[PDB]
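Architecture and fold: a report
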Amino acid sequence: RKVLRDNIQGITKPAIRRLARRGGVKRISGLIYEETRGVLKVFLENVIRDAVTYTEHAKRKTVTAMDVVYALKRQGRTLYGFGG
Amino acid sequence: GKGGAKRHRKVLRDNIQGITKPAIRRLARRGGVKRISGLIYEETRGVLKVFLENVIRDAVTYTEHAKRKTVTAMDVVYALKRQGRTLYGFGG
Amino acid sequence: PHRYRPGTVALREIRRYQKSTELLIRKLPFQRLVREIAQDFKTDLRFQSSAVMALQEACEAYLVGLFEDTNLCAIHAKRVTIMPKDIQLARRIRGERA
Amino acid sequence: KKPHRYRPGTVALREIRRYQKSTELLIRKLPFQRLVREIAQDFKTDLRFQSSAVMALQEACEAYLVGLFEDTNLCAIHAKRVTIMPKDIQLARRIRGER
Amino acid sequence: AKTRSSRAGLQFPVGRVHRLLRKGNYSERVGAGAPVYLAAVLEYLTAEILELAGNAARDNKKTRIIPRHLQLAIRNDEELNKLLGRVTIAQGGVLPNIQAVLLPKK
Amino acid sequence: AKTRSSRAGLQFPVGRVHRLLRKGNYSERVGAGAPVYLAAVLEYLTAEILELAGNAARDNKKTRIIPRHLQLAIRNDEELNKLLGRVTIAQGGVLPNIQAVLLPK
Amino acid sequence: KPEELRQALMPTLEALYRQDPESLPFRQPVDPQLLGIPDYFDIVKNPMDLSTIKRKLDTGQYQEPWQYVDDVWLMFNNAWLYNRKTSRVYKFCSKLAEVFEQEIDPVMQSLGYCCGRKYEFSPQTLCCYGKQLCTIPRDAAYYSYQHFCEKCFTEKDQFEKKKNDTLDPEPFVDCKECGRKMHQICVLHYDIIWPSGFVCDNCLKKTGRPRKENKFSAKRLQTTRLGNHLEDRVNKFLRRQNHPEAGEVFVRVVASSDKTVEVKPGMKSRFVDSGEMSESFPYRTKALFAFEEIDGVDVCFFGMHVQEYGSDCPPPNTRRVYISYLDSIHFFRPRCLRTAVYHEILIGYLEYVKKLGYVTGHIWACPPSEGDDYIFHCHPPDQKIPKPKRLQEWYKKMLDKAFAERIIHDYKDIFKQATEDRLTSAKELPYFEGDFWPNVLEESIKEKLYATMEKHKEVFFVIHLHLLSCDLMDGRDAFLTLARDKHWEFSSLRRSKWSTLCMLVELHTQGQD
Amino acid sequence: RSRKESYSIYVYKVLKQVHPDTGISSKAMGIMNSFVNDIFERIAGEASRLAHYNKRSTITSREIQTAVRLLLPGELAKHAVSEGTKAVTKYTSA
Amino acid sequence: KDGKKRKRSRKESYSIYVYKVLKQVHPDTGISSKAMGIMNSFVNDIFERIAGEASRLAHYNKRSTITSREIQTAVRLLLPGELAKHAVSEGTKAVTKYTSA
DNA sequence: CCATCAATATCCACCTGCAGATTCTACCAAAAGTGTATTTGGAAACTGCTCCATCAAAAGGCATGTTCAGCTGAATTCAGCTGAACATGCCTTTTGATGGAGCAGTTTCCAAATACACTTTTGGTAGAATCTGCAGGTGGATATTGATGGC
DNA sequence: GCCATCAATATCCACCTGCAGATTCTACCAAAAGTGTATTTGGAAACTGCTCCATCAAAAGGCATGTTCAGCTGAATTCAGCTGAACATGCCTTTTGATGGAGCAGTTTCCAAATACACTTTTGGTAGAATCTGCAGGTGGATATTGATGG
């Protein structure tokens, strides 16, 4: 597979602004976008590490939503609608 | 009886007021607080009060299950565990 | 030329995005980031569409809740504009950092 | 002739160091057994308390308060202040999610 | 020819939930009334949350319950909010809430 | 002849761990190596936690481990810090830590 | 005269006043209205306080100080009774009373009286009559008329219900000349010994002739070869020690008879019906006691009983001795030789029977249960009850010391002895009266024997060595019953002296020879 | 294909009981199934822990009721306890 | 003596094993009773945590037996890189020694 | 500043096309439930042993009032940060189709886990007696910080 | 405004010494713990049916990206009312030790209550086709909302 990279910038400035507006934020500073990108990224490797270890425990090469529910539940961030 | 039945009967202190505000100051010093507002203590009282019904009730709710009315260290430590504040040293 | 005062459109879109519930981050940049960092953890992995949707929804919820925490921490300092130390404090209170 | 007086903060910092280097309990005992007794009989009348259970409750309460107090100090210093304020403790409890 | 679910006057299947309890590896043995109590609790919780979701949908001029209605029901009930404080509802969104300070300061 | 702990070169009792697994209702069947690996993991964690406790004690001019040394050991290692980050320690106190603004001048 | 009584009694009362804050509640009469205790007069019928004592002494209302002592103890008892033990007044009264014992004796000893203590006997336990075998429990509801247990009458309302808590006061004697009240125990006066009445030493000092010699002493008791040997050995050991506090010790056998032990019905059916062993085993029982000269009077400090089966006794009891009961009093002087004296008694017995031809000895080393008196009634409260291991070590030390003198050939436990003898049946076990083993065998027959031997291995000791008619001392039950009825206690030195005097008089005058 | 059980029909019956003319979407059904499964797992695990704590090897009504009291706060807890007592009484009365 | 009054409350504890581990890691260091209780509680709650993770890993994948792979993955979930690798290495060494025993 | 007014986002009623919600026909294997057989968690009664509430004195602290240096917020001013607007265009988002890596159902069967049954060791517990880490207690003494003072 | 330094203080350490607490040694034994044997079984491999996971085409409009102006918001500065910090004063409340019995636990009985399993019946998914239906989405205009226009 192609070794893709540098798509953390894909979380665009208007997207982060919209997420902040949904959270009740009225004014946003410039570096907020990239630093919240970093926080999002950190949450991402944590959650995918848990989900991928779950999947590898099942001898599977495809990550399913059910292991995602497992990871979210075990991180105290239980998600509904995707099984479990 | 007679004599000695009047030993420190100054009960005119509220139950929540027994937290002994200097103890709150000591806890703040342990918490790294340099300056404390004057009316903070009492609300922390209430705050700690809340924590008590957050914790002990759970342990209290354990007590009747074992057909007992004496709260044990195991009930307390498991009440802390179920609330996310597990404690060490009282599991024996 | 008609121009609204600063904050009016921001507050209008605040109600707009607090009224709707659709996914707010567009899909495939998140998909590509997940693929890259998962390959960094383990190569040759595959992902279900429902799995990526679950990741997207969970991350949106986590960031939006961080955003109410952010607004509370910012207004705590008599401010209406958010700066990184706000969410740093919010996470250190949450226990995410220290 | 003007008896010696430390400036505000030096004794505060000394107490900070003293209570951060020590491990003894800071909440007085007898009021704590009282508080737990009345709050327990508020839920079930005529309860009995073990010494170990009371010690565990006291240690847990002191730990919860002290940690909330670093949280409150962080909230206060975030607002360019040094004195803890009720808005600081409310913000800390709101972020923790207990509220 | 009476099912134990109908015998207890409940809608949820007592047999299935008892089988799940046995398969859940909770202990060596499971009592007879435990699945009945469990089914009653589950049906009460779902009835309350569905009633609140239907009320929210009616408030939105909607007759079909959507995840937004479920989120509105769960968040506007402080007890149910305490039940689901650490759980995210898919496609649920957030409650409309703007601080007074965020409002114009004219 | 030889204990399962001795056969695995472990001080912790493998048989006791297996019995606890059986009575813990985690699974109706338990693998042979699961109690051995549990004993090894708990032995490992005990090894570094007691090592850091002894280091704290010798830095504190003390030869007996006390809960204060235990908290000093557990908190000073950030991984070990998060292991007991949501855990309340008895008779340990707090770490010496003062904010920059609190310091004079 | 009031002046002498006042100049005597002010020091102790003032010392009582000195105690603070213990004596503060006793400065004034108890006022129910002021103290808010309207029920004070319902419990305390005759209250008095320190001010009442002062005003009564100042007006000279005492003609002898025992009324002072009785009033002080009565107000002490009132304070203890009305107030709970955990209250202020109870412990205040306890401290004041302790000061009272610490101060009263030197003052009253100079006024011409024996002592200044108010003495109350132990609660006298009663005995049942319907069953003729049970007794009346102490500190419990009891039935009596004109005495029955709680379960006796149950298998009509004229009975009286009460709880056994009453106490018996010490007897008092009045001097025929002075008339001063005296404690009978303290003065050691007894009517049969002195038919002329009680005369204080002060009056006899105005006469010249002292108290006449007491013929009812342990010295004049009938002597026996065994008792003579024991007393000679003890006296020789004491002379070798030459302790200044040690006195002459008299060992006398006061009872000896021939009895038979009957096989119990279970073992009677299992072993006697077949005819392999006889229905009963004859033996000789003897009782001996040790008396020491303390403070010019005899004090009994040792008692022990043996059962002796001679050469004509059928096996397995042939040529054996068994120690049935053993008792002692720790008031021997000096204490450091007390234990060393006891050995010289029992070892002296072990040698003596060895001279007579006996081969085997048996010892049942079982510590007494709390409240159970072996021979002497009312053991002192401060007398240490040895642990079973301590008693076994004491007996082992005795056997080792006797072995060192080449008197004892060997000593083992019953389990090791049975294993070495290759015993295969319970019938080979020695048969003794009231022994634990016959009861164990009866229980086993009613419902592993070697396991029972091993459990009680350290308790029983087996030793390889190679008529006076007295109904009172024919067994430990009669003497204990008489002591309980007559309050013959051994709980203190003076009480032990009085009890020894009484038992010596009983043996001297009520004997059958 | 492997059977995958769900509580869709029971939730539908309950919502007909409480709202005869109200429908639900498939995603709403998934959310509801996830919620009921999660609360089931939570209270069942709490009951199992309570049984383990008192050396009890069976889940009966008393300990599961206690677990529901622990997790459900206030009015919901009282309603659950009352309805459970009623349901177990009805079950044992036939 | 049936119904002995001394004691019949055998309390499960890992005290001697923790003391031994202290001996290997620090032969000349003491230990307090309170610290020993802290150690017992820590090893205990770690035991229930890891056992629960292994149990859920077995249950979710329709696996009725808890084997070595289950605890491998459970340790990988609970522990980040350094502690996880060291614990995995020592556990693998222990199980290999047991197998070859 | 209070009043009208123009530009603009919002609410909302209405109507059309359709993916999705709801209704039957038939199927069908997975449970559910009844009725014996067997086993056992625990209700229930009696009782010895803990330890918990109650109460005492000895003591290490706590509760008020005073003085004031320093904390915090109101008031003020200003650089420039980002919100509002707009132009350009990036890439999106769906609709479509496709090769195949990979998930999972079905069959076989064996090394591994289990249930006893027996023998072995062994950590708990209790009591005796030895060892010691350290909690304070006592003599300096030491930055250290507030204060007096000189530049 | 800086700072070099007499002077009271809590504290680090140099030392110590007695004791509650930790450490060492002997002994008993039920409870595990290890080994043996027949039994059962969960999952390894082997092959394959099959669902969706990954991959390439295309286009055009929804926002993504870049630029500009300034509204006002964040940031810096003064200062004054004042709330708390430090401290001396008085006393009281807390801490530690001793002592009855209310219940925490150990023993025994036995029965209502729990599994094991062989059928039989009901029942919950669910392939498949048909009809019903709530709201996605576009239209149009009356309706608040905002900002600064005449004066």
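Residues numbered from 1 in each chain as written, not as in the entry; some residues may be left out. Chains lettered and ligands numbered in written order. Heavy atoms only, no water. Residues with missing side-chain atoms left out of burial classes, pairs and counts.

Its PDB header names cryo-EM as the technique used to obtain the model and reports a resolution of 4.4 Å.

Some words on the overall build of chain A
Within chain A, the secondary structure is distributed over three helices and three strands. Ordered by position in the sequence, the α and β elements of chain A form the string α-β-α-β-α-β. Expected size for 84 residues packed as a compact globule is a radius of gyration near 12 Å; at 16 Å, chain A overshoots this value by more than 25%. Dimensions of chain A along its principal axes, counting C-alpha atoms only, are 45 × 35 × 15 Å. (Helix = DSSP H or I, 4+ residues; strand = E, 2+ residues; numbered from the N terminus. Rg over C-alpha atoms; globule rule 2.2 N^0.38 Å.)

Brief notes about the arrangement of the chains
There are 19 pairs of chains in contact here, and the one with the most contacts is chains E and H. The two units chain C and chain G are non-contacting; their minimal C-alpha-C-alpha distance is 52 Å. Chain D makes no contact with chain H; the smallest distance between any of their C-alpha atoms is 13 Å. (Contact = heavy atoms within 4.5 Å.)

Points about the protein's contact with DNA strand J
Not every one of the 90 residues close to DNA strand J is listed here, only the nearest: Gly30(A), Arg26(C), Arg37(D), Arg4(E) and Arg22(F). Counting only atoms of DNA strand J within 4 Å of the protein, the sugar-phosphate share comes to 95%. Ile28(A) is positioned such that a nitrogen or oxygen atom in its backbone is 2.6 Å from a phosphate oxygen of DNA strand J. Between DNA strand J and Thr63(F) there is a distance of 3.4 Å, counted from a phosphate oxygen to a backbone nitrogen or oxygen. (Near = heavy atom within 4 Å. Polar contact = N/O pair within 3.5 Å; in protein donor to acceptor, adjacent residues only side chain to side chain.)

Things to note about the protein's contact with DNA strand K
In the neighbourhood of DNA strand K, 88 residues make up the surrounding shell, with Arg16(E), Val30(E), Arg4(F), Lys85(G) and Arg1(H) lying closest. Counting only the atoms of DNA strand K that lie within 4 Å of the protein, the sugar and phosphate share comes to 95%. Within the backbone of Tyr6(D), one N or O atom sits 3.4 Å away from a phosphate oxygen of DNA strand K. In this structure, a phosphate oxygen belonging to DNA strand K sits 3.3 Å away from a side-chain N or O atom of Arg34(D). The greatest single-element share of the surface near DNA strand K, amounting to six residues, is contributed by helix 1 (residues 10-21) of chain D. Grouping the constituent residues of the surface near DNA strand K by class yields 20 nonpolar, 22 polar and 46 charged. (Nonpolar A, V, L, I, M, F, W, Y, C, P; charged D, E, K, R; others polar.)

A closer look at the nonpolar core
Grouped together as the largest cluster of nonpolar side chains are 229 residues, with contacts concentrated most on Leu44(A), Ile49(E), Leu21(F), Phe40(H) and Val75(I). In this structure, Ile49(E) is in contact with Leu70(E), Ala73(E), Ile74(E), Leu80(E), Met32(H) and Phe35(H), ignoring residues within four places of it in sequence. Counting residues in hydrophobic clusters, the runner-up holds 42 residues, among them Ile323(G), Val353(G), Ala365(G) and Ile408(G). (Core = buried A, V, L, I, M, F, W, Y, C linked by side-chain atoms within 4.5 Å. Buried < 20%, exposed > 50% of the residue type's maximum accessible area, 1.4 Å probe, protein only.)

A word on the interface of chain B and chain H
At the interface, eleven residues of chain B touch eleven residues of chain H. Where chain B abuts chain H, roughly 1,100 Å² becomes buried across the two surfaces, and 56% of that area is made up of carbon and sulfur atoms. Here chain B and chain H share zero salt bridges between them. Here chain B is connected to chain H by four residue pairs in polar contact. Secondary-structure elements contributing two or more residues to the side of chain B that touches chain H are helix 2 (40-65) and helix 3 (73-83) of chain B. Ranked by the residues each element gives to the side of chain B that touches chain H, the list is headed by helix 2 of chain B, at five residues. Taken together, the residues of the side of chain B that touches chain H sort by class into four nonpolar, two polar and five charged. (Buried area = accessible area lost by both parts, 1.4 Å probe. Salt bridge = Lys/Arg side-chain N within 4 Å of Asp/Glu carboxyl O.)

Concerning the interface of chain H and chain E
Across the boundary between the two partners, chain H contributes 55 residues, which contact 53 residues of chain E. Carbon and sulfur atoms make up 70% of the area that chain H and chain E hide from each other, which totals about 5,000 Å². Between chain H and chain E we count two salt bridges in total. Seen at the junction of chain H and chain E, the total is 17 residue pairs in polar contact. Breaking the side of chain H that touches chain E down by element, the ones donating at least two residues are helix 1 (8-18), strand 1 (23-24), helix 2 (26-53), strand 2 (58-59), helix 3 (61-71) and helix 4 (75-92) of chain H. At 15 residues, helix 2 of chain H tops the list of elements feeding residues into the side of chain H that touches chain E. Taken together, the residues that form the side of chain H that touches chain E break down as 29 nonpolar, 17 polar and nine charged. Sheet topology note: the strand 2 (residues 64-65) of chain E/strand 1 of chain H ladder contains two bridges and is parallel. Bridged to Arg64(E) within strand 1 of chain H is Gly23(H). (Pairing = 2+ DSSP bridges.)

Quick notes on the packing of helix 2 (residues 33-60) of chain I against helix 3 (residues 68-78) of chain I
All names here are of chain I. Direction vectors running N to C along helix 2 and helix 3 enclose 120 degrees, while the axes themselves pass 9 Å from each other. It follows from the interaxial angle that helix 2 and helix 3 lie oblique. Between helix 2 and helix 3 lies a crossing of right-handed hand. Residues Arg49, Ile50, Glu53, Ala54, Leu57 and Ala58 of helix 2 touch helix 3, and the partners they reach there are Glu70, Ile71, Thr73, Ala74, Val75 and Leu78. (Axes fitted to C-alpha atoms, helices over the stretch in contact; angles between N-to-C directions. Parallel < 35°, antiparallel > 145°, perpendicular 65-115°, else oblique. Left-handed = near helix turned anticlockwise from the far one by under 90°.)

What about the packing of aromatic side chains?
All names here are of chain G. Enumeration according to the criterion identifies 42 aromatic pairs over all chains in this entry. An angle of 80 degrees between the planes, with centres 6.0 Å apart, marks the rings of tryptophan 73 and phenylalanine 100 as edge-to-face. Taken as a pair, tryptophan 73 in helix 5 (residues 66-82) and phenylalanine 100 in helix 6 (residues 88-109) lie far apart in primary sequence, 27 residues in all. There is no split in this pair, since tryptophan 73 and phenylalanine 100 are both buried. (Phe/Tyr/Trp six-rings, centres within 6.5 Å; stacked < 30°, edge-to-face > 60°.)

Notes on helix 5 of chain G
All names here are of chain G. If you check helix 5, its first and last C-alpha atoms are 24 Å apart, about what 17 residues at 1.5 Å a residue would give, namely 24 Å. Most of helix 5 sits inside the fold, with twelve of its 17 residues counted as buried. Of all the positions in helix 5, only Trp66, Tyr68, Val69, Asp71, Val72, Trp73, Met75, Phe76, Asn78, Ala79, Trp80 and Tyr82 are classed as buried. For helix 5, the elements touching its buried residues are helix 1 (2-18), helix 3 (40-43), helix 4 (50-58), helix 6 and strand 4 (181-183). (Expected span 1.5 Å × (residues − 1).)

Structural notes on the pattern of salt bridges
Residues and elements named next belong to chain G. Overall, the coordinates contain 61 salt bridges over all chains when judged by the stated rule. Linking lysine 56 and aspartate 71 is a salt bridge whose minimum nitrogen-to-oxygen distance equals 3.9 Å. Of this pair, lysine 56 sits in helix 4 while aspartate 71 sits in helix 5; the two residues are 15 residues apart in sequence, bridging distant segments of the chain. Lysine 56 sits in the partly exposed class, given a relative accessible area of 25%.

What about the state of the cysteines?
As used here, a disulfide is simply a covalent bond connecting the sulfur atoms of two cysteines. All names here are of chain G. The full count for this structure, using the stated rule, is zero disulfides over all chains. Free of any disulfide, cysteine 127 has its nearest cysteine sulfur in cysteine 128, 8.0 Å distant. Judged by relative accessible area, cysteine 127 falls into the partly exposed class, the value being 37%. Free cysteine: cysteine 203, not disulfide-bonded; nearest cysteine sulfur from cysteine 178 at 3.5 Å. (Disulfide = S-S within 2.5 Å.)

Details of the packing of helix 2 of chain B against helix 4 (residues 86-96) of chain D
Put simply, helix 2 of chain B and helix 4 of chain D touch, their axes get as near as 10 Å, and they point 20 degrees apart. In terms of orientation, helix 2 of chain B lies roughly parallel with respect to helix 4 of chain D. As for the relative orientation of helix 2 of chain B and helix 4 of chain D, their crossing is right-handed in sense. The residues of helix 4 of chain D that touch helix 2 of chain B, namely those facing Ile40(B), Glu43(B), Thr44(B), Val47(B) and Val50(B), are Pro86(D), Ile89(D) and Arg93(D). Of the residues contributing to the contact of helix 2 of chain B with helix 4 of chain D, the split by class is five nonpolar, one polar and two charged.

Side note on the pairing of strand 11 (residues 460-464) of chain G
All names here are of chain G. With five of five residues buried, strand 11 is to be regarded as a mostly interior element. Bridge count for strand 9 (residues 360-364) against strand 11 is five bridges, and the pairing is antiparallel. Following the sheet pairing, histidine 362 is matched in strand 11 by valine 462. In the sheet, strand 10 (residues 410-413) pairs with strand 11 via four bridges, with the strands oriented antiparallel. Counted as the bridge partner of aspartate 413 is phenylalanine 461 from strand 11.

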